[PDB]
Amino acid sequence: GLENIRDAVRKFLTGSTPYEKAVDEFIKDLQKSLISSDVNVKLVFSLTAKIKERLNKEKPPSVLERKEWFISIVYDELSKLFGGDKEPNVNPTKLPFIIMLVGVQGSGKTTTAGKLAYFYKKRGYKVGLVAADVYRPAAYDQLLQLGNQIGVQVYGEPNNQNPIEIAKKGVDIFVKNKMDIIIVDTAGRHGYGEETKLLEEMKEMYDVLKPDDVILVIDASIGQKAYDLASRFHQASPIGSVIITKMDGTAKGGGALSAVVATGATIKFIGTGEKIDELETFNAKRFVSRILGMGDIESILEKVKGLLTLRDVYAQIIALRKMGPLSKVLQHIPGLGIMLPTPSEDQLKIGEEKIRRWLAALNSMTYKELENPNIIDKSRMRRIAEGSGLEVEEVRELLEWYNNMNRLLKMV
Amino acid sequence: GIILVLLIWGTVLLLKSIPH
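Protein chains in written order, with the numbering used here: chain D, 1451 to 1862; chain C, 856 to 875.
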């Protein structure tokens, strides 16, 4: 479905045919894959849209083949779609951190709570599972079962028919072991025909218990449909995140992610199995890559990334030490290369662990002391020297150089 | 552009002050 993409990339990336007659087969195949992945259609043509707009105005950077630069846009774009920023802060803030699980029946609301509280235990916190799973008694059994199998306490008194009480009772008790994190799996009713039921039972819990985080589990089988419940969810609790489970037992995954994002919700994790370890933090970008191209996008990453005087000094010298292993460097300079056994002189320069003490002292300096250094004194000079590892001599040389250039450009 | 091919350029002329 959506996995057929890397190939569509491994082709577009093997000088298959002419540049433009290739761009299209991709767009054909991308749309095919996306839609075939259950991503909403209006979104797909939309995307390809903002993709042809960029191929238009955006101008290709150096060391960027007509096509690689291309993918840089694809990736970027597929990337905005599924995420749009960096990995959320699955890391708790205040202690204790409290988490509620509002999973619609069949959504693995419970398996996830386990899988999740193991996530955190395994990462070093003192997790506590509160079984407010009222609408399901079988959830109780199965819960404490996997619970004991992982060394986690699970408060709960069956048939209380009132979870909000179970919550306050159970969370206020998990402040005893000074537990760091508390996972409150709130009962999820209305099976599949949910409507607005759980949202009400929710705004309630939030008001009564008032926890630090609220996460609505979604079955990755719901395709782009997930957009409705998700949207009502975000609306209800603009301060919460979605977890999408069973990602691996469907071909309509993309539809859910793209979907849930469409609304504005955040996807902190994604279930990928029945097992307990089957749950990993959702890294939007790494996902787009994981699908576009293994690391092919990686090379594209290096290349694009690294790429009145002491200022330019740093920015300048910095981009130079970075460099990058390739012969396209001279593609910038109006000169045609002749032989290659020569650059081995460059690998050798990088040989000495420490390549330049200049970027070292330039770092050991204030961002102002980098501007007007004629204020630098001998005390300031041994300070910046010892701080960098250099000697007052390696630094005097440095300073004299900035000015000789200060004077030289004056002489032009 | 040539500006740096001079500045970043004429540096090694006396890269001699270095330790041993």
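The beta-carbon is built from N, C-alpha and C at its ideal position, and this holds for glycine as well.
query	result
Could you check what DSSP says for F1495 of chain D in three-state terms: helix, strand or coil?	helix
Considering Cα atoms alone, identify which of D:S1794, D:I1834, D:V1540 is closest to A1811 of chain D.	D:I1834
What do you reckon, are the CB atoms on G1451 of chain D and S1483 of chain D nearer than 9 Å?	yes
Count Cβ pairs between the segment 1671–1679 of chain D and the segment 1591–1609 of chain D that sit closer than 8 Å; are there 3 or more?	no
Out of curiosity, what's the CA-to-CA distance linking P1793 of chain D and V1779 of chain D?	11 Å
By the three-class DSSP mapping on this structure, what secondary structure does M1652 of chain D have?	helix
Would a C-beta distance cut-off of 9 Å place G1553 of chain D and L1659 of chain D closer than the cut-off?	no
Going by beta carbon distance, what residues of the same chain come within less than 7 Å of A1686 of chain D, once the five residues before and after it are set aside?	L1649, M1652, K1653
Counting only Cβ pairs nearer than 8 Å, list the residues of chain D close to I857 of chain C.	Within 8 Å Cβ-Cβ: nothing; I857 of chain C doesn't reach chain D, min ~10 Å.
Any idea what DSSP makes of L868 of chain C, helix, strand or coil?	helix
At which residues does the alpha helix (DSSP H) containing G1601 of chain D begin and terminate?	Premise fails: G1601 of chain D is in no alpha helix (DSSP H) and is neither H nor E.
Taking a contact to mean a Cβ-Cβ separation below 9 Å, would you say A1715 of chain D touches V1489 of chain D in this structure?	no
Taking the alpha-carbon positions, what's the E1850 of chain D to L1786 of chain D distance?	35 Å
Starting from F1547 of chain D and walking both ways along the beta strand (DSSP E), at which residues does that stretch end?	1547–1551
Residues of the segment 1754–1775 of chain D with a CB closer than 9 Å to any CB of chain C: list them in chain order, please.	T1759, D1762, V1763, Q1766, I1767, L1770
For a cutoff of 9 Å on Cβ pairs, would you count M1855 of chain D as touching chain C?	yes
Can you find at least 3 beta carbon pairs, one from the segment 1595–1603 of chain D and one from the segment 1541–1552 of chain D, that sit closer than 8 Å?	no
Quick one: which chain D residues come within Cβ less than 7 Å of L862 of chain C?	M1855
Could you tell me whether the Cβ of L1859 of chain D comes closer than 9 Å to any Cβ of chain C?	yes
What ranges does the alpha helix (DSSP H) occupy inside the segment 1615–1678 of chain D, keeping only unbroken runs of at least 4 residues that lie completely in it?	1647–1659
Pick from D:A1472, D:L1742, D:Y1642: whose alpha carbon is nearest that of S1671 of chain D?	D:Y1642
On the CB-based measure, 16 or more other CB atoms within 10 Å of its CB, does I1788 of chain D come out buried or exposed?	exposed
Do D1583 of chain D and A1637 of chain D have their beta-carbon atoms positioned less than 9 Å apart in this structure?	yes
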